[PDB]
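K.L.:
This is the structure I have questions about; it appears just below.
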Amino acid sequence: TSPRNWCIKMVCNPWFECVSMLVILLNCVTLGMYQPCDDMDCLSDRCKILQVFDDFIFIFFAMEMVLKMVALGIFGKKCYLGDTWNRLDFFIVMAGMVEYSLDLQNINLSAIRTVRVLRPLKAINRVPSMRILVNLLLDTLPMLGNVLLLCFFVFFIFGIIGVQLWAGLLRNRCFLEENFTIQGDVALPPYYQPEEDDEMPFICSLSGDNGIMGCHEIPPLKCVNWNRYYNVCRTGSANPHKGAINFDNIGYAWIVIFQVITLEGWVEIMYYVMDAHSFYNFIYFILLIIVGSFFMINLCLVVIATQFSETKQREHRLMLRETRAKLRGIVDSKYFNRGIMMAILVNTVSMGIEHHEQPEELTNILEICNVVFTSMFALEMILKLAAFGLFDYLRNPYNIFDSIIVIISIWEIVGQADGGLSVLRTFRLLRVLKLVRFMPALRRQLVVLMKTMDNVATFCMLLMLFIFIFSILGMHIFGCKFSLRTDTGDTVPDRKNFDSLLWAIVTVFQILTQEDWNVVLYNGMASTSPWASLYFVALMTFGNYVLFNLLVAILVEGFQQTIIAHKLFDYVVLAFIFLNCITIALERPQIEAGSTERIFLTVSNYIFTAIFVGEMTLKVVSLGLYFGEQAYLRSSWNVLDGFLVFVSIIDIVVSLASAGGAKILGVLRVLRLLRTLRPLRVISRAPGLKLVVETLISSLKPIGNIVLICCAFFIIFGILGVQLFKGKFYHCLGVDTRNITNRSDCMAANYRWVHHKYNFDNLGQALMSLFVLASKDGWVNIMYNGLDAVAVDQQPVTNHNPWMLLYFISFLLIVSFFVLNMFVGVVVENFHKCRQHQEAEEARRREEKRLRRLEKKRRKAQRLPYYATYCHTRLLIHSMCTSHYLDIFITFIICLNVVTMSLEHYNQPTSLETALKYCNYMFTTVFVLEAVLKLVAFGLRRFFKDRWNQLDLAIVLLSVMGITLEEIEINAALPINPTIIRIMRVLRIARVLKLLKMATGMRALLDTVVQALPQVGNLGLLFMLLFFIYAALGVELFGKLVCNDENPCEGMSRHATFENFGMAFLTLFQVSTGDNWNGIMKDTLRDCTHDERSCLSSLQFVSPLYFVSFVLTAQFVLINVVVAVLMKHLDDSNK
Ligand SMILES: COCC(=O)O[C@]1(CCN(C)CCCc2nc3ccccc3[nH]2)CCc2cc(F)ccc2[C@H]1C(C)C
Ligand SMILES: CC(C)CCC[C@@H](C)[C@H]1CC[C@H]2[C@@H]3CC=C4C[C@@H](OC(=O)CCC(=O)O)CC[C@]4(C)[C@H]3CC[C@]12C
Ligand SMILES: CC(C)CCC[C@@H](C)[C@H]1CC[C@H]2[C@@H]3CC=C4C[C@@H](OC(=O)CCC(=O)O)CC[C@]4(C)[C@H]3CC[C@]12C
Ligand SMILES: CC(C)CCC[C@@H](C)[C@H]1CC[C@H]2[C@@H]3CC=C4C[C@@H](OC(=O)CCC(=O)O)CC[C@]4(C)[C@H]3CC[C@]12C
Ligand SMILES: *[C@@H]1O[C@H](CO)[C@@H](O)[C@H](O)[C@H]1NC(C)=O
Ligand SMILES: *[C@@H]1O[C@H](CO)[C@@H](O)[C@H](O)[C@H]1NC(C)=O
Ligand SMILES: [Ca+2]
């Protein structure tokens, strides 16, 4: 109408959207300047000006909203309520109106001020790339309901098991005597705490419940040991971690399950529950790891990638001066180019040599050499300007890079007074980047990366918006509420606080990396309410689990003589290899010389080497060493066999030469390492495993260039780290650790001049520290020591130079991007290799899938035995009792049973047990009723062929077995072990499984996993092989590393040490999960108190190689498992 047409001009004007983004950015700025640390009641100017600004902006929001309704209409598909974001904007408008009205009513209620945060979420709808990407995200969201329901499973079963096993157990500390005698001046707390403020509790084991810590393992205090008086332990006190990690209710159980899903603090609660209840709960935790934290979030990745592919194809289907010439020849020679490549390489090498405590001559050598190289660069660029011409020289901008580099270099050389030696030296490092100019394959790799990041930029902006929203929200809820209590007289703010926006964003980023996030989780749950964990759960999910998988989807779719018998000798030698593995599994360094097992170990080694050399001789005389083609060593696996048998022989020889064992100890070490490497021939002796290893190796070459690029970035950033931090990673550790600046003051206090294990003195330790930093673990501490770093030889101060945060965050983003590129490259390469197959052979099954259709034509109607049932008093049973109208009733019964098991908790009222037992009796009754209805509905045939009625009968039979049990204890008929009752109660949970009948998506997804079982099972066998090999290496390398009070352990607490072989397996498993593994390195590399040669040996040269290789190989194997599952899912999706 005409009144509508009056306002059309402005609303359709793009200037209106631009100024709306202007006011959105103003809103982001206004939300930025909030200071919950200082903004008490807004009795300051800036608070008032921000109130004025956001009042004006709210006025603008109201006017623009009302105009755009009155110019577009209301309540219609075309009207204002057409897009979701318009409805959201109306929601902001109404919420702000309500909050303003309440403010006029003089009620603060800072819970509607928790809506101020949601305002920057308005930006998506008016940014086109963002709007499209977010629309695709939302449209592919509804197809994650299946992974959400399976997540409901993995939480619910494990949570019920947890709440029924360890209900309130975690509480029990070791108390004093009930009637204790003390003369006076009672400084003894009621129970025992090793650390102050219950930092590391000492959860006992109740009498009768066989834990491990039974109050007689307490550390003897070091007169008299008062601690021995902490005798009896009961279950009344606060729970571990300031009452945040316990199995009291089901909410806390779900929090614990969430914590172990994200792989942080895992070992701590693992050891807690071991201490409390039983030694055999690592079974529960390992099954939970394997099921949830690996086969689920990776299934979430698979679902995101696949469904994003289909929804993208969907909308796709919707729209569907004579010397000048002479001097040229010297340039384009490809030989002087090689010379200047050697020059640049040696420049990078020299420029990397510099380390801490430089020899005085050496730094002069480096500066002279830098002058020489700069003169050389000046030489060839003064050459190129004339021989080619100015326009020709600028025709390639790489020459412009070179000119800029030399100009900066010469300015630095001129800068011998001040200034230049601070930053221009740091900018010298770009000369390394000159390599891309002449290494050609990287040009293709870099341009591919650029074409990919053409899509990433919008997602990167989306990440900034998302992090901003949650940082502001956390600021609103947690601002000034992390006041960590004093330790020297004043309330020290925790470094992981929310008191200011810079720390808010860096802390949200920390949380997103799943690194020491449980610390702030507890520190937030201890302040407001146990509901504050919903914030971290929401952030973790809507970050890592639905958005970063969206990134991967974006990338992948952007890419888109003597007689011989050989019957079962392989089988028998494989068995012998298994026995060899068994005997490798016992060399833990406690066997005293001359032991019976020692002798058995040695003789077994002798015999097994004899058998291996015998089969060596057999298979060579069948072939011949090198005698023509198709000889022995034409296959690498046979080559490996020969290598390992030869090194075993020389091991035996040197062992027999034990006389005069001086100066051959290093030989003994290397031979022990190699015989630990020995159990690998299974790949040769196993066809499927061999094919798998070939797939691993062949799949690595395509991402070889990406690996080289990542190594180059590691090197360059290591040189950055050396340039910035040289010897600033020193801190005076002491009881005071205050009011002192330099090492002289520290030695005056005589505390210690501690030098960190992760530091940038040379380039090598810089590379190790960068590998840890890029590993998303222990990176917070490195970042802290970076920010706090001040200068060469004095105390770091809290947040001395915050700008290093930019370096430390840029490194994570770049390395994460390169690892993501590696993953997507593996996926696409495997896809192309796969793509040939379904082109090749799947053409042959499409001949038979319609044959199966012809098979179903036989199935039309074989006079099914429905006619037998009717008129036999079961005329309605066969039909009316088999309809969906009664199956949903069973589903509702099961939901009721679920909510009943969601109620048990510690100190539940008596009426609660009575009601729960009544509900269980009702539920088992109705289960028996439906079972009988089925039994009369059909005869014996469906009882077994259904493949479900057996499960139903098992469920009802366990239920009826259970109901008989408490009847025994009501009349005290017979003493029943409480363990039996506990087992019965905890396995009543199996009744949940019947939803799989109704949840067809669960069937589909789990089956899709199942058809990939061969490849992933072979990969799992390979993964166990890798664990075994690295376990043997660890046992022989780090066997003598003792853990005690004299040797403080940060990574290996009690069973994570390298003494025996089982503990080594556990600690390799812990390393493979990226939890405190950098702590394990910090422990293993340690200059000891000269008590053993292991600390003083060359361990520093080898242990980082050990852990780096293990982390890389384990992550690669898991990545390929994920790729196999994803590819099977795509194959099924095409079908
Ligand atoms: C190493 O870089 C990350 C990457 O590539 O993700 C992995 C697993 C990582 N993820 C399970 C959680 C993401 C952790 C994370 N959030 C961040 C936000 C900002 C900055 C850094 C961040 N770090 C790496 C290796 C791997 C191994 C597997 F067995 C299965 C999947 C994967 C991928 C996968 C999810 C694509
Ligand atoms: C949709 C789900 C997945 C994420 C939704 C995020 C928020 C809407 C949720 C998650 C965390 C919840 C918060 C967790 C902690 C708190 C602090 C709590 O504050 C207090 O106890 C003190 C009250 C006062 O000071 O008067 C009030 C509930 C609240 C705001 C909760 C409100 C709703 C929040 C912000
Ligand atoms: C390539 C990325 C993915 C990881 C890099 C792994 C290695 C190339 C790095 C990580 C650990 C580094 C080592 C860590 C410790 C040292 C410090 C330094 O040893 C010393 O302490 C010298 C003084 C002495 O102990 O005698 C020599 C370099 C070296 C071996 C480093 C050499 C380079 C290493 C093996
Ligand atoms: C199937 C393989 C690839 C993975 C699973 C292997 C482990 C579950 C097995 C194999 C080797 C076994 C270990 C071999 C050595 C020991 C012997 C034993 O320690 C002793 O020698 C006794 C000490 C003494 O008597 O003084 C403790 C059990 C343990 C860790 C065994 C625990 C169970 C282990 C780790
Ligand atoms: C540390 O320095 C401060 C500086 O004022 C001083 O007050 C204090 O006495 C010194 N000693 C200790 C133990 O704090
Ligand atoms: C070390 O710190 C003390 C304490 O202020 C100061 O007096 C001294 O000059 C500093 N430098 C030294 C001792 O070289
Ligand atoms: Ca950690």
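Naming scheme: A, B, ... for chains in displayed order of the structure tokens; residues 1 onward per chain; ligands 1 onward as shown.
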Residue 1032 of chain A: which residues within 9 Å, counting only C-alpha atoms, same-chain residues fewer than 5 positions away excluded, as a PyMOL selection string?

P.N.:
chain A and resi 584-585+587+673+676-677+1027+1037+1061+1064-1065

K.L.:
For the residues in the current selection, export N, CA, C and O atoms as a PDB file, in the first residue's frame.

P.N.:
ATOM      1  N   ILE A 584      59.657 -61.001  25.143  1.00  0.00           N
ATOM      2  CA  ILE A 584      60.036 -59.590  25.184  1.00  0.00           C
ATOM      3  C   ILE A 584      59.278 -58.866  26.287  1.00  0.00           C
ATOM      4  O   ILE A 584      59.764 -57.872  26.842  1.00  0.00           O
ATOM      5  N   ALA A 585      58.108 -59.356  26.646  1.00  0.00           N
ATOM      6  CA  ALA A 585      57.301 -58.636  27.625  1.00  0.00           C
ATOM      7  C   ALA A 585      57.789 -58.803  29.073  1.00  0.00           C
ATOM      8  O   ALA A 585      56.978 -58.526  29.965  1.00  0.00           O
ATOM      9  N   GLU A 587      61.351 -58.031  30.367  1.00  0.00           N
ATOM     10  CA  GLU A 587      62.668 -57.482  30.692  1.00  0.00           C
ATOM     11  C   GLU A 587      62.565 -56.161  31.460  1.00  0.00           C
ATOM     12  O   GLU A 587      63.106 -55.132  31.058  1.00  0.00           O
ATOM     13  N   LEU A 673      68.137 -51.701  22.412  1.00  0.00           N
ATOM     14  CA  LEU A 673      67.109 -50.994  21.654  1.00  0.00           C
ATOM     15  C   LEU A 673      66.715 -51.774  20.407  1.00  0.00           C
ATOM     16  O   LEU A 673      65.527 -51.902  20.086  1.00  0.00           O
ATOM     17  N   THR A 676      64.664 -54.819  21.128  1.00  0.00           N
ATOM     18  CA  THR A 676      63.300 -54.373  21.409  1.00  0.00           C
ATOM     19  C   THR A 676      62.558 -54.027  20.128  1.00  0.00           C
ATOM     20  O   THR A 676      61.340 -54.211  20.038  1.00  0.00           O
ATOM     21  N   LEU A 677      63.266 -53.487  19.141  1.00  0.00           N
ATOM     22  CA  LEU A 677      62.653 -53.258  17.840  1.00  0.00           C
ATOM     23  C   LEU A 677      62.333 -54.564  17.124  1.00  0.00           C
ATOM     24  O   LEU A 677      61.487 -54.576  16.224  1.00  0.00           O
ATOM     25  N   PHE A1027      52.059 -50.017  20.129  1.00  0.00           N
ATOM     26  CA  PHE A1027      52.148 -49.906  21.578  1.00  0.00           C
ATOM     27  C   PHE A1027      53.154 -50.893  22.143  1.00  0.00           C
ATOM     28  O   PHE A1027      53.957 -50.538  23.007  1.00  0.00           O
ATOM     29  N   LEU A1037      64.867 -48.229  27.700  1.00  0.00           N
ATOM     30  CA  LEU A1037      65.471 -46.904  27.785  1.00  0.00           C
ATOM     31  C   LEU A1037      65.314 -46.318  29.182  1.00  0.00           C
ATOM     32  O   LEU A1037      66.302 -46.012  29.859  1.00  0.00           O
ATOM     33  N   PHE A1061      56.518 -53.686  32.622  1.00  0.00           N
ATOM     34  CA  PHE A1061      56.044 -53.550  31.250  1.00  0.00           C
ATOM     35  C   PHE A1061      54.588 -53.103  31.210  1.00  0.00           C
ATOM     36  O   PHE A1061      54.201 -52.318  30.341  1.00  0.00           O
ATOM     37  N   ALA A1064      54.505 -49.419  31.762  1.00  0.00           N
ATOM     38  CA  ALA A1064      54.914 -48.812  30.505  1.00  0.00           C
ATOM     39  C   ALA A1064      53.801 -48.799  29.475  1.00  0.00           C
ATOM     40  O   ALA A1064      53.627 -47.798  28.777  1.00  0.00           O
ATOM     41  N   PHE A1065      53.033 -49.877  29.371  1.00  0.00           N
ATOM     42  CA  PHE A1065      51.900 -49.870  28.456  1.00  0.00           C
ATOM     43  C   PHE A1065      50.894 -48.806  28.863  1.00  0.00           C
ATOM     44  O   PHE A1065      50.370 -48.079  28.012  1.00  0.00           O
TER      45      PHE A1065
END

K.L.:
Using only C-alpha atoms and all ligand atoms, which protein or nucleic acid residues are at most 6 Å from ligand 2, as a list in words?

P.N.:
residues 477, 528, 529, 531, 532, 534, 535 and 538 of chain A

K.L.:
As a quick test: using only C-alpha atoms and all ligand atoms, which residues lie no more than 7 Å away from ligand 4? Give them as a list in words.

P.N.:
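Listed by chain and ascending number, the contacts are residues 582, 585, 586, 1024, 1025, 1028, 1060, 1061, 1062 and 1063 of chain A.
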
K.L.:
Pull N, CA, C and O atoms from the residues just selected and write them as a PDB file, in the first residue's frame.

P.N.:
ATOM      1  N   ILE A 582      55.959 -62.559  23.778  1.00  0.00           N
ATOM      2  CA  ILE A 582      55.746 -62.908  25.181  1.00  0.00           C
ATOM      3  C   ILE A 582      57.040 -62.771  25.969  1.00  0.00           C
ATOM      4  O   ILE A 582      57.063 -62.176  27.053  1.00  0.00           O
ATOM      5  N   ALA A 585      58.108 -59.356  26.646  1.00  0.00           N
ATOM      6  CA  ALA A 585      57.301 -58.636  27.625  1.00  0.00           C
ATOM      7  C   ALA A 585      57.789 -58.803  29.073  1.00  0.00           C
ATOM      8  O   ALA A 585      56.978 -58.526  29.965  1.00  0.00           O
ATOM      9  N   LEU A 586      59.014 -59.231  29.390  1.00  0.00           N
ATOM     10  CA  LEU A 586      59.394 -59.483  30.773  1.00  0.00           C
ATOM     11  C   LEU A 586      60.671 -58.787  31.231  1.00  0.00           C
ATOM     12  O   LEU A 586      61.041 -58.935  32.401  1.00  0.00           O
ATOM     13  N   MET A1024      48.035 -51.747  18.394  1.00  0.00           N
ATOM     14  CA  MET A1024      48.523 -52.533  19.522  1.00  0.00           C
ATOM     15  C   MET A1024      49.965 -52.973  19.300  1.00  0.00           C
ATOM     16  O   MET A1024      50.762 -53.012  20.245  1.00  0.00           O
ATOM     17  N   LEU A1025      50.320 -53.313  18.059  1.00  0.00           N
ATOM     18  CA  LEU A1025      51.710 -53.639  17.751  1.00  0.00           C
ATOM     19  C   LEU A1025      52.630 -52.457  18.027  1.00  0.00           C
ATOM     20  O   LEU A1025      53.722 -52.622  18.586  1.00  0.00           O
ATOM     21  N   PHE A1028      53.130 -52.136  21.663  1.00  0.00           N
ATOM     22  CA  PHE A1028      54.038 -53.154  22.181  1.00  0.00           C
ATOM     23  C   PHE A1028      55.490 -52.775  21.904  1.00  0.00           C
ATOM     24  O   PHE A1028      56.351 -52.843  22.795  1.00  0.00           O
ATOM     25  N   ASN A1060      57.981 -51.617  35.237  1.00  0.00           N
ATOM     26  CA  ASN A1060      57.584 -52.899  34.675  1.00  0.00           C
ATOM     27  C   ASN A1060      57.124 -52.670  33.235  1.00  0.00           C
ATOM     28  O   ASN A1060      57.318 -51.595  32.663  1.00  0.00           O
ATOM     29  N   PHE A1061      56.518 -53.686  32.622  1.00  0.00           N
ATOM     30  CA  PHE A1061      56.044 -53.550  31.250  1.00  0.00           C
ATOM     31  C   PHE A1061      54.588 -53.103  31.210  1.00  0.00           C
ATOM     32  O   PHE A1061      54.201 -52.318  30.341  1.00  0.00           O
ATOM     33  N   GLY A1062      53.760 -53.610  32.124  1.00  0.00           N
ATOM     34  CA  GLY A1062      52.373 -53.174  32.166  1.00  0.00           C
ATOM     35  C   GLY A1062      52.226 -51.693  32.446  1.00  0.00           C
ATOM     36  O   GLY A1062      51.433 -51.004  31.794  1.00  0.00           O
ATOM     37  N   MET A1063      52.988 -51.177  33.410  1.00  0.00           N
ATOM     38  CA  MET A1063      52.987 -49.744  33.658  1.00  0.00           C
ATOM     39  C   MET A1063      53.467 -48.953  32.453  1.00  0.00           C
ATOM     40  O   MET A1063      52.879 -47.910  32.146  1.00  0.00           O
TER      41      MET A1063
END

K.L.:
Please provide as a ChimeraX atom specification all residues within 7 Å of segment 693-705 of chain A, with the sequence filter that same-chain residues fewer than 4 positions apart are discarded (counting only C-alpha atoms).

P.N.:
/A:442,689,709,822,825-826

K.L.:
Taking the backbone alone, and naming residues the way the document does, which bits of segment 740-776 of chain A are helix (DSSP H, G or I) by DSSP, as a PyMOL selection string?

P.N.:
chain A and resi 743-749+763-773

K.L.:
Neighbours of ligand 5 within 9 Å, counting only C-alpha atoms and all ligand atoms, as a count of residues only?

P.N.:
5

K.L.:
Which protein, DNA or RNA residues have an atom within 8 Å of ligand 1, counting only C-alpha atoms and all ligand atoms, as a ChimeraX atom specification?

P.N.:
/A:294,297-298,301,509,512-514,543-545,548-549,552,774-776,812-813,815-820,823,1115-1122

K.L.:
Could you tell me how far atom CA of residue 742 of chain A lies from atom CA of residue 781 of chain A, in Å and to one decimal?

P.N.:
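Between atom CA of residue 742 of chain A and atom CA of residue 781 of chain A the gap works out to 21.5 Å.
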
K.L.:
Show me which residues sit within 7 Å of ligand 3 when counting only C-alpha atoms and all ligand atoms, and put them as a PyMOL selection string.

P.N.:
chain A and resi 711+714+764-765+767-768+771+1100-1101+1104-1105+1108

K.L.:
Residues at most 6 Å from ligand 7, using only C-alpha atoms and all ligand atoms? Could they come as a VMD selection string?

P.N.:
chain A and resid 264 515 to 516 777 to 778 1075 to 1076

K.L.:
Please produce an output containing N, CA and C atoms for each residue in the selection, written as a PDB file, in the first residue's frame.

P.N.:
ATOM      1  N   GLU A 264      41.142 -34.655  29.483  1.00  0.00           N
ATOM      2  CA  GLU A 264      41.919 -33.808  30.375  1.00  0.00           C
ATOM      3  C   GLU A 264      41.567 -34.180  31.803  1.00  0.00           C
ATOM      4  N   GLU A 515      42.778 -27.806  26.999  1.00  0.00           N
ATOM      5  CA  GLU A 515      44.051 -27.904  27.701  1.00  0.00           C
ATOM      6  C   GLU A 515      43.902 -27.166  29.021  1.00  0.00           C
ATOM      7  N   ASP A 516      44.144 -27.877  30.125  1.00  0.00           N
ATOM      8  CA  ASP A 516      43.922 -27.359  31.477  1.00  0.00           C
ATOM      9  C   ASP A 516      42.616 -26.584  31.574  1.00  0.00           C
ATOM     10  N   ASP A 777      49.047 -29.208  24.439  1.00  0.00           N
ATOM     11  CA  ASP A 777      49.181 -29.718  25.793  1.00  0.00           C
ATOM     12  C   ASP A 777      50.433 -29.130  26.420  1.00  0.00           C
ATOM     13  N   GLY A 778      50.305 -28.687  27.665  1.00  0.00           N
ATOM     14  CA  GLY A 778      51.402 -28.034  28.349  1.00  0.00           C
ATOM     15  C   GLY A 778      51.762 -26.713  27.709  1.00  0.00           C
ATOM     16  N   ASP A1075      47.466 -36.370  27.250  1.00  0.00           N
ATOM     17  CA  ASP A1075      47.148 -35.889  28.589  1.00  0.00           C
ATOM     18  C   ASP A1075      48.420 -35.900  29.429  1.00  0.00           C
ATOM     19  N   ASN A1076      48.958 -34.709  29.696  1.00  0.00           N
ATOM     20  CA  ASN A1076      50.107 -34.533  30.585  1.00  0.00           C
ATOM     21  C   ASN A1076      51.325 -35.319  30.108  1.00  0.00           C
TER      22      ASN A1076
END
